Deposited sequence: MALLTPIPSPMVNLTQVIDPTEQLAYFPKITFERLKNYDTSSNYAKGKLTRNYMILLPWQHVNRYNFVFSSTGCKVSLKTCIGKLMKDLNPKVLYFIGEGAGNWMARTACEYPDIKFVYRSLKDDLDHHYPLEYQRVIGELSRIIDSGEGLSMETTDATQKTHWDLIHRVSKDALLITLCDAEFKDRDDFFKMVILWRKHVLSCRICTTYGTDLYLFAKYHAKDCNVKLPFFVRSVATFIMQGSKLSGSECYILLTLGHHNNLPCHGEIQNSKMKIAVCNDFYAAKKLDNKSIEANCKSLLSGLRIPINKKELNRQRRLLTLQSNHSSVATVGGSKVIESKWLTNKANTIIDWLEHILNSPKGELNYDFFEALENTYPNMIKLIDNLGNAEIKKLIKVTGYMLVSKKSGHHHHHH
């Protein structure tokens, strides 16, 4: 039942900016945005962004039967959407390159099966899975004959110019396509954007309706989600506007823990971080992991156990950046930890840390 899987997803905090300076330098080196993402394995974007939370009214008003997810990788965002809207069908696209997922592995794990994905991009070439290519847009209706009422794009492009290439092709499709033109101009593209320079105009006849600043976005970044439509063009958000909104959330809000614990998922993340790690993670479990060690792999294992021991011995606090800064700055081996563990391992470490923090008291 998709509605029961929704309790594994944490509540989202965000700010909507419809179309003084606040600063706080958090002395953090870890990707703490994954703190409440312990229930998800291959991807976890759904813990950060949600269609019901951000564009609930638009979802209700347009009432799409089919949603188009492009640059959707393992499909966790699509999976949360499938839990929020149990009757909606999906068209999935993601760049086929073998660097990331081009099959919705996380959607499959969360939902159980792919019956609601009517088009998963089976038999498509690298070119026809690429959102910056015209052929990708020309083949978007090979299964679904429903107009692109709402298109979702979470693609992380190799170059900044690729975002514009994608937006131009979305506009060229919705203004040419027999299916989409028949529906009209009330069509939307909800896309991930990294805010940089100001006075950067959107392509001709592409208009931003709102800018969404998510609590779950990387603190050092400038990521945001823009709701785009057809109409007289305006400017993209710049780094400055996004910083104030993002700093307020970081300073004032706590991360919500998921209502329910997904034990199979938590165990899958624990074993992925340290092979053989069991739940509950206590003094007994960490001493057992230490005893198994008695090399490069043992050095990495010791670094992990030392951090989990520090979390175990740490006092309980609220899930916020002030507490995260305290956790890092009370740990004497911080620089050795970031030096020893890679980006993927550190991300797994934060999910497991988050599970431990939520489990306290």
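- Not built in the structure, per the record, are deposited positions 1-18, 38-46, 322-340, 408-415.
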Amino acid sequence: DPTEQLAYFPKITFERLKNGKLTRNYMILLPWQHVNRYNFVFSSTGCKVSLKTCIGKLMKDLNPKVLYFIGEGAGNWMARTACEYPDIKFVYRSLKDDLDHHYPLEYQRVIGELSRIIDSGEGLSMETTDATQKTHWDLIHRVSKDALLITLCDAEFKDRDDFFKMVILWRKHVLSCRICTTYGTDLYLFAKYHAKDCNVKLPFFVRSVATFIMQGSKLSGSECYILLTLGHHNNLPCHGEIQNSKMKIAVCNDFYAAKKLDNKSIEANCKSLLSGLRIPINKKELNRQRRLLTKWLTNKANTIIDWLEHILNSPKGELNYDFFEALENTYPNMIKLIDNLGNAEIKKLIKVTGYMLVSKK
From here on, numbers count along this sequence of modelled residues.
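- Stretches 284-292 and 239-247 differ in mean C-alpha B factor, with the higher average recorded for 284-292.
- Of the two stretches examined, 62-70 and 298-306, the record assigns the greater average C-alpha temperature factor to 298-306.
- Among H194, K201, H136, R80, the highest C-alpha B-factor recorded in the PDB entry belongs to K201.
- Across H141, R171, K264, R93, the greatest Cα temperature factor reported in the deposited entry is at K264.
- Among all modelled residues in this chain, the alpha-carbon of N253 has a temperature factor (C-alpha) in the middle third.
- For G216, the recorded CA temperature factor ranks within the lowest third of the chain's modelled residues.
- Among the modelled residues of the chain, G46 sits in the lowest third by CA temperature factor in this PDB entry.
- Looking at the C-alpha B-factors along this chain, the one for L17 belongs to the highest third.
- The PDB entry assigns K89 a C-alpha temperature factor belonging to the lowest third of its chain's modelled residues.
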